[PDB]
Amino acid sequence: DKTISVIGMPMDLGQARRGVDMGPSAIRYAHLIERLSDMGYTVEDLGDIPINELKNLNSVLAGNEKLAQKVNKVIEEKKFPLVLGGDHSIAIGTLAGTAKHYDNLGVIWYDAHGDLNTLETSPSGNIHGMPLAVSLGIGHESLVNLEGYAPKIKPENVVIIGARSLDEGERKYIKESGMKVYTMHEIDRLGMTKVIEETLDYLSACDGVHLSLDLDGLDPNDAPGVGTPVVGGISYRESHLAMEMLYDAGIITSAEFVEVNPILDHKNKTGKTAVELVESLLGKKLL
Amino acid sequence: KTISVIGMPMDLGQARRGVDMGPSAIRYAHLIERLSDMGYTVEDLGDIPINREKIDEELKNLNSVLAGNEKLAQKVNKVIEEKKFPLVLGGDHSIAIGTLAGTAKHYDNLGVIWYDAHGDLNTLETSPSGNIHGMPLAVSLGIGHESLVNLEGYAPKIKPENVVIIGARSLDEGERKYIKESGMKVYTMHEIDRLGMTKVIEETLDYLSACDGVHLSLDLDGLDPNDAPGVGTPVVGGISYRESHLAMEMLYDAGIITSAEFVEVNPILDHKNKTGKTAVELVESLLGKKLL
Amino acid sequence: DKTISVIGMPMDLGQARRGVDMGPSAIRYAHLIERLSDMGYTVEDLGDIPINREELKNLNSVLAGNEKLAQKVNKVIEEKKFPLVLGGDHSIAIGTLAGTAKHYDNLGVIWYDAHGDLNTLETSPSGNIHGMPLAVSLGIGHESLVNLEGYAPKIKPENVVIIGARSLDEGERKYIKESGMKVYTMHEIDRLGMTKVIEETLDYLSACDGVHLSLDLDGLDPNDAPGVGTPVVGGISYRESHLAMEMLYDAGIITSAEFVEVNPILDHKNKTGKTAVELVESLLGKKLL
Amino acid sequence: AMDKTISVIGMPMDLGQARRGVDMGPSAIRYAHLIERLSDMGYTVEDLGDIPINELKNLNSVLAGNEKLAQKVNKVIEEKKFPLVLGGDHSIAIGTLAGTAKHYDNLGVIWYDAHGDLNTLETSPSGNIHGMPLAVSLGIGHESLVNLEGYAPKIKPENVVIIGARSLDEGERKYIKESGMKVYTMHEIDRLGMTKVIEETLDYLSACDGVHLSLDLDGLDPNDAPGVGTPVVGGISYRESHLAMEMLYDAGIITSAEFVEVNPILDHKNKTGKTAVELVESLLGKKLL
Amino acid sequence: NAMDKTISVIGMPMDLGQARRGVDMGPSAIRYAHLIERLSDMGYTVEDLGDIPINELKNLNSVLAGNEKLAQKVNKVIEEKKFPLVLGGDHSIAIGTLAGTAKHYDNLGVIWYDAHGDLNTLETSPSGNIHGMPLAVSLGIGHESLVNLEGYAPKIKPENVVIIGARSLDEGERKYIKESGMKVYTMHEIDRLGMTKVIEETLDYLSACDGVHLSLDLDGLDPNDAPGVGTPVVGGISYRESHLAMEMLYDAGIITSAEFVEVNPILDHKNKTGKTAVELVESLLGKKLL
Amino acid sequence: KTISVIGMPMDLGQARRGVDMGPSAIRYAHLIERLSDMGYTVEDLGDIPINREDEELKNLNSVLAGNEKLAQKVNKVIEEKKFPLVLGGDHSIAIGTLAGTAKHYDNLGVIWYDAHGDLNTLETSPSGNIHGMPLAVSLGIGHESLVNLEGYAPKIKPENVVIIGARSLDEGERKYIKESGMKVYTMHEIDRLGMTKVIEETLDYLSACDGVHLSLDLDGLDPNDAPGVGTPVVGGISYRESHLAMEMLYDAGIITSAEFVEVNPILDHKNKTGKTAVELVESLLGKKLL
Ligand SMILES: [Cl-]
Ligand SMILES: [Cl-]
Ligand SMILES: [Cl-]
Ligand SMILES: [Cl-]
Ligand SMILES: [Cl-]
Ligand SMILES: [Cl-]
Ligand SMILES: [Cl-]
Ligand SMILES: [Cl-]
Ligand SMILES: [Cl-]
Ligand SMILES: [Cl-]
Ligand SMILES: [Mg+2]
Ligand SMILES: [Mg+2]
Ligand SMILES: [Mg+2]
Ligand SMILES: [Mg+2]
Ligand SMILES: [Mg+2]
Ligand SMILES: [Mg+2]
Ligand SMILES: [Mg+2]
Ligand SMILES: [Mg+2]
Ligand SMILES: [Mg+2]
Ligand SMILES: [Mg+2]
Ligand SMILES: [Mg+2]
Ligand SMILES: [Mg+2]
Ligand code: NA
Ligand code: NA
Ligand code: NA
């Protein structure tokens, strides 16, 4: 019944551009709005938020401030926030506008990367490799304290699915924090059905759950158009099943689909995949 | 049994999709030689001629589809009367109308394994195109245009309780309502992902255990476009080559398949005949080829 | 040493989207600003003009974006700066010429495109305004488009040279023959060679006091520029285009330019965005030696 | 303006040592809208469908198919219609020329092909009849092929112009030099340019009362025509071929034509079938303006 | 579990047989994917010994000469208590690798990860390609000079072999597998059991071996994941299944030598297969995603 | 005159580019069989071994050692009145080829067919890559050990060089070309004059030379025709223009040595570039279409 509020974040910042600012346009090009309207939802496209050691800190901070304020307003209006990226640093703004509305927000971090870096552990200084750490209260003070509170989330309320690119500092933190992580090894061993059932078990006491889906979580064969492709990822079929299972559980209260990069895509295969996954997450069925 | 190969170079509907070249591409991948090497007697009955007609219409190319399907039903009937195995090559999926018209009257309870991205359960009322290749399963169930439903003077050819759809991922609202109303057994990609192809085939064999014959209607578009790019209407997120190969080996071991058609191969979207070669590999597995 | 003022137009309007709103981002991704600075130019990136998303398709959004573009191009010229517009669909030529033409007594236009874009609603099988900007700029078409910025026509038919045409409908052909417009289709380029085509173009426009280059990347062959809104087979090569830009720089006649219709959806690793930057570099004086 | 009805005949023939996929050529050319495009140009078009196709490889089948083709082509010429034959392997030129040559006092032939197809069983490394049709038509080869339709030879060596040759064996080279046959290899196309090659071809065949074009898509470079039976690197470009067809149309000398050797197996989304249709359109008078 | 051994890398740029297949460029392409730097970053001491010069049975003399040099180099690496990692090159190089390795173990196990069984003799081979015969040769079946390389035979026993990924076996190879009782996981068994169970069963089956050699042919993987191989065969093992199998073999601590063979840049796409070979070596040597 | 083929599997510099596999890919396209079929006596001398090993000049010791071995082998071929045909490999091998060749002529001419001028020194090079310096080194400008290879300098004079296909020249290279008066046909001049006129002018310009070396970098061709090169540069010479140029050089009878370098199988499409190199060598040695 909730209206879907779509917010685009054409952010492509860091040591070098990767082409992900074009992600929102490519997702819309795959008919996102019409597909959600056809499913019976009231859809409001709020358009794109304007975007200008720690690369581009001021621009990352300003865009995330605008995103946090817009996501906060959507939640206050009892609407579902759907954010399109854009580099994964936008999770800083999305979680800042969302977490204060829940006593115990869960986060499903669907990505090849853990994005748990600080400037001390990052081989690049890229803020898009730090948003999960920042949201857990670890990192640059201005990013950690966005919107005047911290931390946004607790490590026991995070589940990472699809991880296959973690540096030494990120691995040390996951082990020390006891964070729940399904690397490609456990997806291969358990199967996506059991990974999602266990993820739903794990986050069962959360009063809201945010899905932060990076298209780079999928294998480059299925999602070639991403900012930083990593070999050996989740299939389209496994991702489609996961979105169907999340819809059936009724636990997802916010979501962002990020890192779509038309420069490396093939005739918008990745933009189309993002829309198919959003449709499944919002209740579309094959029968 | 001797294998009787029948080609149907049919590519009809609102627009061509390139599938009339399917039979040629499957033969190019050495279908006849491969079956002969496995020890079968193989008869290539060649291609049935498909009537060309001028280039609005409600049912697209109706006259040419009925005519081609009448020629096919008569040839398939003759093959079965001779106790030979009919292997039909397509061609658009509307050829299932003629294959089932020539086959179903030889059984009291013919089962059908519909291996396809599409349910092909449309009528003109539910079809946004009038494409008869989107209606053959409905026609064979006795639902649709009178001349198509009554082909060979009997209807219906099959009963809904004797159909299993495997790989479905593109169904319109009219097809979904019919599947739910009829109680038809359908394994969408969601069920294949959750159960695994081994369980899907085991359940299919149990479900059709009261049939006296089973027809396999295999649309190469049931496979994912990564494995079968050369199809008339590709749909993302399909069955892998390995799952399809295992399915054919399991169907061979069960010994239930009494007829088969391999359809919708389209050389225009194919990569160096990957899909024609895949069709031959799947036919070899269905007919008993083993890796060891 | 004239400052280059870059304006992005992320416009993708018409019966259906074609992905050309991402053109400005792709051209900038190929380092346009850094390449022009390295050549010794002062470069001012004025950013992207905001465009509203989707008979005359998207008339209100096409008019609104072109109004913003026209007054921005006007200011650049009033400041004695070179306007470089990045597209975006070719309908943005309506705004570029509206902001430029009033500054010249006889503005020349080199329309480098597979399409003539000489349609009206009466000759257009789609109602797409991006297939009408040259006709609109010549004073033929919808009143609100033709009278943008309060004057019409922007240009005269004797001051236009079309180069690379290979997709002209019957209405466009009829107008070309009746107006006596100078057109070098791919047949003339094949027969004369690009050197002769550009020498004849410079001679034909020699009396113009300014010359605008409207370069649609679809003028190039899809093998060289696959990433365009509407690709048409059998186009101009990269080498022919590179030579043309070098000859135009040497003539010193180009006073404004737009590079339009870049489409990342059909591109291969930004080959077309990179090509756009190389052609801009050559037009602005980059030499191989 | 050719006020003649076009008669399209398909020859889905793929014979020889091994199949090459060219039997699918006629279907792929029709898939690229051949009939609709010619009708939209104002021609009356009749699709006569495909002739059924059941040491010298497959001699009986090549003979049977060419006999049916010769009879059909003969009927079209008797009806004062233009025969347009779609292949299929190049051996179909035996039947096309058998049905055509007897209607002319001095039939010219433009053989547009990477191959000369001037082999006999003695000079052929394969025994493929599709590498022998020009020799057979000149009265050199197997008696049943040479005597098809009860007359021989169909054509005289001084009435042949080969364009695009780049795969000639020593027997073919010896015959070309001894006969004095006019051949424009890729070397001569590189040195002269296509305009001059076609102007010279028109001068050379000006005394012929009819001219047959036998266009093998393998004459084009595999970059432009990847979907052919036997691709050979370094061929004619799409633009050179488009210009050549426009110039043949302008001369008004072409009285029959065949477009052969399209092979979907090696093609990319029917680029070669589409190219065949574009070349037919230009040969029949389509202009860009 | 931590292998405190130096890795000795040996390249074998061998591409012999009825026709070249491009696999001599395999070692260069694997090195181009940063093999040495990746193993060094994991904390291993790595010594690149470079490439061995490769100067009816196709090219028998050249196959023998190259395998003789390889066997002597592998033997010296094992005498030095280092881990031999051989890069191919055609699969005939397994003859030299096993000749230099088998004499150092009482019961050497072999995991043959390949679309092909390579169990041919001249009698069962339609080509005479020695690269289709190295497993038979190593079992003591074949041409005397190949079987007796380094003066002993057989190198391995049939009960100590596990073939994983087989999908191209001729009639002579099938007959031998059934008569010898050799353990073979065809793609049909992988589809039915899943790679986890296949590797668990493999480890149990080879538990009495005192060393285990992995002979990994990149053609064992599906051509969609490993297009750049000498002889691609449709319907192979996925990159993910192969990555899981290498991780499981590392956890078992049984692999004592390994060869990665048949990488072919001619059919590859921007070195996807050379990169895949490096990732599989990294997992085999203990790299973990977490 | 016998053709002596020498391979240089050298891929040195700041980063590898895959060109060490160039000689193997060219041979894979049947180079030796094609030249033998044309009636030539052909001797394949094999590949020179390249020593395996932040410095200013990248891999200097290995580049010098390889070029010393190449110069001695090329010198021997010329002393035997044989035609040296060198396969690369990175373009730094021109240092060794010209060192072994230039001393046999009064005034050696050089046709430098390349997207790059390769006229850098360490001071003008943003990488320290010696493969961007071989023409300057051979003109006697650069590092002492490279310039003095084989005990004489310079190998060639600037008035005896013609560059064809240039489209990537840095400021230091442009300044030297203008100050030395060197003859350079950039893509602009090829587009304006046509390849027939370019080669006719080149033949007239080098008519006083008693020998002419062709240094052909496949990157001189457009990446659409030669995708498999070490450093591709958009807007290059077509295969057809290059084929015509080779036929014209054969007819002139002036080419007394040649090298075909920078083939990179990693970026190639089913050896399109290796096959293109063989076709160009065939035309340079007299192959005709009729
Ligand atoms: Cl049809
Ligand atoms: Cl109906
Ligand atoms: Cl079910
Ligand atoms: Cl789907
Ligand atoms: Cl097959
Ligand atoms: Cl003969
Ligand atoms: Cl043997
Ligand atoms: Cl080194
Ligand atoms: Cl220096
Ligand atoms: Cl070759
Ligand atoms: Mg991320
Ligand atoms: Mg990521
Ligand atoms: Mg179907
Ligand atoms: Mg279907
Ligand atoms: Mg335009
Ligand atoms: Mg245009
Ligand atoms: Mg021919
Ligand atoms: Mg030919
Ligand atoms: Mg093997
Ligand atoms: Mg193998
Ligand atoms: Mg160079
Ligand atoms: Mg170079
Ligand atoms: Na792309
Ligand atoms: Na294809
Ligand atoms: Na490749």
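All chains are named by letter (A, B, ...) in the order of the sequence lines, taking the proteins before the strands, and each is independently numbered beginning at 1.
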Engineer: Quick one: closest heavy-atom pair of E:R174 and B:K290, and the distance?
Structural biologist: NH2-O, 2.8 Å
Engineer: Do other residues, nucleotides or ligands put more than 12 heavy atoms under 6.0 Å from the OH atom of E:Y205?
Structural biologist: yes
Engineer: Output, in order, the C-alpha distance, side-chain angles, deciding distance and verdict of side chain to side chain contact (heavy atoms under 4.5 Å, CB included) for E:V234 and B:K277.
Structural biologist: CA-CA 10 Å; E:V234 64; B:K277 294 175 179 183; over 6 Å; no
Engineer: Examine whether an atom of B:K199 lies under 4.5 Å from a heavy atom of chain E, and if so say whether it belongs to the side chain, the backbone or both; otherwise answer neither.
Structural biologist: neither
Engineer: Any chance you could measure B:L246, atom CG, to E:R192, atom CZ, to the nearest 0.5 Å?
Structural biologist: 9.5 Å
Engineer: Within this structure, what is the CG-CD distance for the pair B:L292 and E:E173, rounded to the nearest 0.5 Å?
Structural biologist: 10.5 Å
Engineer: Please lay out, stage by stage, how E:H188 and B:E249 fare under the test side chain to side chain contact (heavy atoms under 4.5 Å, CB included).
Structural biologist: CA-CA 9 Å; E:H188 171 84; B:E249 295 174 319; 2.7 Å; yes
Engineer: Side chain of E:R167, backbone of B:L291: donor and acceptor closer than 3.5 Å?
Structural biologist: no
Engineer: Is the shortest side-chain heavy-atom distance between E:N224 and B:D227 below 4.5 Å?
Structural biologist: yes
Engineer: Hey, what do you get for CE (B:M197) to CG (E:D191), rounding to the nearest 0.5 Å?
Structural biologist: 10.5 Å
Engineer: Would you mind checking which part of B:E243 comes under 4.5 Å of any heavy atom in chain E, side chain (CB onward), backbone (N, CA, C, O), both or neither?
Structural biologist: neither
